[PDB]
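Okay, here's what each chain looks like letter by letter:
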Amino acid sequence: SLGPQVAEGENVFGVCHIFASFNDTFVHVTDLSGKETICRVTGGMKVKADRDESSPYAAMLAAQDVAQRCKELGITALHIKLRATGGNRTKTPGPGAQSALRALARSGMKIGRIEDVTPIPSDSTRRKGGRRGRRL
Amino acid sequence: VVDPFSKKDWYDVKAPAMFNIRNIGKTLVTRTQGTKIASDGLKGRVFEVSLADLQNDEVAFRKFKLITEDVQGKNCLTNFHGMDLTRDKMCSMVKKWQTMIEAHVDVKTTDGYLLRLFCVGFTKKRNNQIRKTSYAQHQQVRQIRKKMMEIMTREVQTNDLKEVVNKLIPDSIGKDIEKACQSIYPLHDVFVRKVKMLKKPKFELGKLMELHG
Amino acid sequence: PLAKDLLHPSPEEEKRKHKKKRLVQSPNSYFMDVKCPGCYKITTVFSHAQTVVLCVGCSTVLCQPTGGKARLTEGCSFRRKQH
Amino acid sequence: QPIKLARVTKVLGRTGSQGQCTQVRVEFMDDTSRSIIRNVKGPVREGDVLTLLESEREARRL
Amino acid sequence: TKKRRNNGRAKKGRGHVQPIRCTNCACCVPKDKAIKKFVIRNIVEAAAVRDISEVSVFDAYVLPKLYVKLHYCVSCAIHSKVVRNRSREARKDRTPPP
Amino acid sequence: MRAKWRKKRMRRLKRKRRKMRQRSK
RNA sequence: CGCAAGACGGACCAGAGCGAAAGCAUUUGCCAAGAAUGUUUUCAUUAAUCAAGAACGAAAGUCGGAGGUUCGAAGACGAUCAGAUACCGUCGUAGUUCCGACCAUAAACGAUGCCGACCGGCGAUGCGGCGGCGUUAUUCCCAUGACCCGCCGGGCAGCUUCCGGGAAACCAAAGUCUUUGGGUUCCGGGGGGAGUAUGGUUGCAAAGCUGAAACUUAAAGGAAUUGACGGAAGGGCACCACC
């Protein structure tokens, strides 16, 4: 809880992890390497209704709560690493990607370089479902 | 009941002196309570820092991967581990109606830092080319690929761990690959897209202090 | 069209057809006199050579073949036989 | 925040589920060059001034 | 009766093309058979990009795009209204409308 | 009845018809 | 952050190719073909289709060995439900994987045997070979790629047409068929009964090939048209709709 940098014109970088799955949303700000973390809050830690965990409101509370916690130590800027469901499953981010990223853009938590960290299979194994898949 | 943030050593991270831009970004280490040491809890960090936070002012699609290796105190001497391209760039390049050519060369440097270089190259629909296809033959692609390999073998054997990373930020491997494969199929969007570390040798402290001063 | 001259068509129409599908079957090949810088004498070479031609006394190498018509070396100039 | 007063210069159509909200081109009384597209309730005509609360929001175009 | 000239697909001299799975379901639909879409799209669409330029530390950093090649099965393509039934002459139009 | 599951029911019963000819060997 | 595991080979990847069909997509190598093409080289009818007879033949299944990370028949449980030994979820057995044998069946479909001839047009493309200005490529000029205009050969499909056909949908093949004969193989004879019974035969088994009859019945069906209908898509109208 003690940053050694002047408050005039110095900007300390960090990294964030917006894991926008289709049944949950993780905002996870860590160190540059990512090997040690700072704070992490989910759709469930904020909201107690199971269907709207991945919702763009339960995702808005995630980035608001980290920028409430992260400012107590003194990380200025965040590098964005957007994860999807990933693997053999769908590569689209959930409905809590463009709200959680927008929510710490309402804090003014400064933005580094942006990339996809979607764990995509180069040539995939068999997907869970079946020959005919998910029948409805 | 108690805050576990009482014990976070925010050590400043050094980029090597062979590059212009110094600052990287600060990283907490769990303080030396009990046994585990600040040198011990810092020497397993791998730092994803992009091109334009290491080299003066150039393109904004390329990145690099530096480890911690030497812990003097408050200056984290980063050694070159890996290179990986932004997948906004990767996915944008690999479009339809062209021949993507990869070639991976597992080749050893002068000092025992064995890398794995990944070439990538794409066929150009020419200026007055009306044909929609822009495909090669198989024995054109193997001739490109064998020469694509042959140039990445050259820029590892010939020189040290120093003057190959002054060839990772420029096109000082990929341009000769682009130049010397003009005579087979004129390929345009041609990089080397990844480096991977496999065999890190015995750490020499005397070596890295020139790379950090 | 109705009235086409399959009896007496033009040379520009007959020669834009396959060697087997003309008015009469006649080939797309010839014999040419490949002269060399080594010796001065003349060897009559078939156009679609698909082989090697060699000079007298190991003076030079003439031809190095390809799929259809054969190459000649930069110097190996050809003088075509008409008969 | 500022409470701004953007003048209606054009009415771009009718939107909403039950068709009530008016997609409107509102010109700010501050800057007569900078403008947004804004959805408006109630009967709006050409030549009136809304009372906006923030201009961070910007209505979608169809 | 034979509804389409091609058999709802785009192989004519193969006999077997390996199936790539559906995205909405996980139906094993063949490669040529699948309705394929390739998405080229900003990671923040239009409303959020208004803000993030002020939080971007760098001199007017243009965003990365997000690249998804979707593989739709035919029951999924028409569920999400990607593709659509057409009149007996309108079927044969292979021209993608912008 | 589906022509596949008619074919399967004729098979299960052919396995049964054979079992009521096997006991006389 | 690394370690181990064995699956799989994205995007590139096409109405692109190759293979007898099945099938075949990670780079480096090797063994043995193969078409297409080019050929003023040879052989000289050696051929086309073919009962008996054979090789290969997705998947599943069987048997013995090795490996089982992902997956998922059976089984278990949670819901949904009147009930779901169902759809949905969580585990999960054989299976999925490799080697060695069996098995010989698929909507194995292009639901269209194969060799040959003939009869419209055009844009494309794939491979080979030719001919034809220039552009860039190693410049150090040429050989030559990458483009480029066309041509020809064969293949993959396309597009158009009162060639003609056809019950039509459609098809340069399903055309040249009452104006009926180019050759040759298999095969159909109202619907069911039934690919059932039986014998024969192969298989470790599952089952495969061959394959009836009694009795039964006025239709089963193909294509197209109009309507009605849809828990299909899209466009309207209304304060017996809504705002």
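Residues numbered from 1 in each chain as written, not as in the entry; some residues may be left out. Chains lettered and ligands numbered in written order. Part of a larger assembly, values for the part shown. Heavy atoms only, no water.

The deposited coordinates for this entry were obtained by cryo-EM, with a reported resolution of 3.1 Å.

Regarding the overall build of chain D
If you tally the helices and strands in chain D, you get 0 helices and 3 strands. Secondary structure elements of chain D, listed N to C terminal, follow the sequence β-β-β. On C-alpha atoms alone, chain D measures out to a radius of gyration of 11 Å, which is about the 11 Å that the 2.2 N^0.38 rule sets for 62 residues. Taken over the C-alpha atoms alone, chain D extends approximately 35 × 25 × 20 Å along its principal axes. Counting every position in chain D, which comprises 62 residues, the buried fraction comes to 31%. Counting only contacts in chain D whose residues sit at least 6 apart along the sequence, the fraction spanning at least 24 positions is 38%. (Helix = DSSP H or I, 4+ residues; strand = E, 2+ residues; numbered from the N terminus. Rg over C-alpha atoms; globule rule 2.2 N^0.38 Å. Buried < 20%, exposed > 50% of the residue type's maximum accessible area, 1.4 Å probe, protein only. Contact = heavy atoms within 4.5 Å.)

Topic: empty space enclosed by the protein
To find leftover empty space, a probe the size of one water molecule is rolled over the atoms. The tally for this structure, following the rule as stated, stands at 5 cavities of 30 Å³ or more. Estimated volume of the largest cavity: approximately 90 Å³. If you go around the largest cavity, the residues you meet are B:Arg62, B:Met83, B:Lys167, B:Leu168, B:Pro170, B:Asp171, B:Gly174, B:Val190, B:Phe191 and B:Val192. Taken together, the residues of the lining of the largest cavity sort by class into 6 nonpolar, 1 polar and 3 charged. Estimates place the volume of the second largest cavity at around 70 Å³. Lining the second largest cavity we find A:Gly3, A:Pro4, A:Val12, A:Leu73, A:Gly74, A:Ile75, B:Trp10 and B:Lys26. Here the lining of the second largest cavity is built from residues that sort into 5 nonpolar, 2 polar and 1 charged. (1 Å grid on protein atoms, 1.4 Å probe; cavity = no way out; pocket = protein on both sides within 12 Å on 5 of 7 lines; lining within 4 Å. Points joined across faces, edges and corners; volume = space filled by probe spheres on them. Nonpolar A, V, L, I, M, F, W, Y, C, P; charged D, E, K, R; others polar.)

What to know about the layout of surface pockets
All names here are of chain E. The computed volume of the second largest pocket comes to approximately 1,800 Å³. Every residue lining the second largest pocket is counted, 33 residues in all, and those nearest its centre are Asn6, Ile35, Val83, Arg86 and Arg94. Top contributing element to the lining of the second largest pocket by residue count: strand β1 (residues 35–42), with 3 residues. Among the residues making up the lining of the second largest pocket, the classes are represented as 10 nonpolar, 4 polar and 19 charged.

Observations concerning the nonpolar core
The tendency in soluble globular proteins is for nonpolar side chains to be buried as a group. Among the nonpolar cores identified, the biggest contains 56 residues, and B:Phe80, B:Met83, B:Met148, B:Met152 and B:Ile177 are the most heavily contacted of them. Looking at this core, the elements with two or more residues in it are β2 (46–50), β3 (63–71), β4 (75–84), α1 (87–93), β5 (101–105), β6 (117–121), α2 (138–157) and β7 (191–195) of chain B. When residues of this core are assigned to their parent elements, the largest contribution, 6 residues, is made by α2(B). Those residues in contact with B:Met83, other than ones at most four positions away along the chain, are B:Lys63, B:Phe64, B:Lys65, B:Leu168, B:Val192, B:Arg193, B:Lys194 and B:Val195. Among the nonpolar cores identified, the runner-up in size contains 50 residues, and A:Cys39, E:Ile35, E:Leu66 and E:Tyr72 belong to it. (Core = buried A, V, L, I, M, F, W, Y, C linked by side-chain atoms within 4.5 Å.)

Some thoughts on the interface of chain E and chain A
Contact with chain E, which involves 27 residues of that partner, is made by 30 residues of chain A. Surface buried jointly by chain E and chain A totals about 2,400 Å² across both partners, of which 61% is contributed by carbon and sulfur atoms. It is E:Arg21, E:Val55 and E:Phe58 that lose the most area in chain E upon contact with chain A, and together they represent 23% of the buried surface on that side. Here chain E and chain A share 0 salt bridges between them. The interface formed by chain E and chain A holds 9 residue pairs in polar contact in total. Among the secondary structure elements, those contributing two or more residues to the side of chain E that touches chain A are β1, α1 (49–55) and β2 (65–72) of chain E. When residues in the side of chain E that touches chain A are grouped by element, the largest group, 4 residues, is from α1(E). (Buried area = accessible area lost by both parts, 1.4 Å probe. Salt bridge = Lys/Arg side-chain N within 4 Å of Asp/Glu carboxyl O. Polar contact = N/O pair within 3.5 Å; in protein donor to acceptor, adjacent residues only side chain to side chain.)

A closer look at the packing of aromatic side chains
By the definition in use, this model includes 7 aromatic pairs over all chains. Both rings, one in A:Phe19 and one in A:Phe26, keep their centres 5.4 Å apart while their planes meet at 35°; by these two values the pair is tilted. Where E:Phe58 meets E:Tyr61, the ring centres are 6.3 Å apart and the plane angle is 90°; that geometry is what we call edge-to-face. Cluster of aromatic residues (ring-pair linked, three or more members): A:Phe13, E:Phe58 and E:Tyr61. (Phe/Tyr/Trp six-rings, centres within 6.5 Å; stacked < 30°, edge-to-face > 60°.)

Here's the deal with the sheet that holds strand β2 (residues 21–28) of chain D
Residues and elements named next belong to chain D. Here we have 3 strands laid out as an open sheet, ordered β1-β2-β3, and antiparallel in their pairing. Two strands in the sheet have a free side with no partner beyond their single neighbour: β1 (6–15) and β3 (35–40). Here the strands of the sheet are splayed against their neighbours by 25° on average, with no regard to which way each runs. Two elements, β2 and β3, share 6 bridges in a ladder whose sense is antiparallel. The residue of β3 that forms the bridge with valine 26 is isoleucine 36. (Pairing = 2+ DSSP bridges. Axes fitted to C-alpha atoms, helices over the stretch in contact; angles between N-to-C directions.)

Comments concerning the sheet that holds strand β2 (residues 43–46) of chain C
Residues and elements named next belong to chain C. The strand order across the open sheet formed by 3 strands is β2-β1-β3, and the pairing between neighbours is antiparallel. The outermost strands of the open sheet, each flanked by one partner alone, are β2 and β3 (77–80). Here the strands of the sheet are splayed against their neighbours by 45° on average, with no regard to which way each runs. Sheet topology note: the strand β1 (residues 31–35)/β3 ladder contains 4 bridges and is antiparallel. For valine 34, the partnering residue across the bridge sits in β3 and is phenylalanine 78.

Brief notes about the protein's contact with RNA strand G
Taken together, 81 residues surround RNA strand G, and among them A:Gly129, A:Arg135, B:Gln140, B:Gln182 and E:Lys31 come closest. Atoms of RNA strand G within 4 Å of the protein belong to the sugar or the phosphate in 77% of instances, the rest to bases. A distance of 3.2 Å separates a sugar or linking oxygen of RNA strand G from a polar side-chain atom of C:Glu74. In the model, a phosphate oxygen of RNA strand G is placed 3.3 Å from a nitrogen or oxygen of the E:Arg84 side chain. Elements that contribute at least two residues to the surface near RNA strand G include exactly α2 of chain B together with α1 (3–22) of chain F. At 7 residues, α1(F) tops the list of elements feeding residues into the surface near RNA strand G. (Near = heavy atom within 4 Å.)

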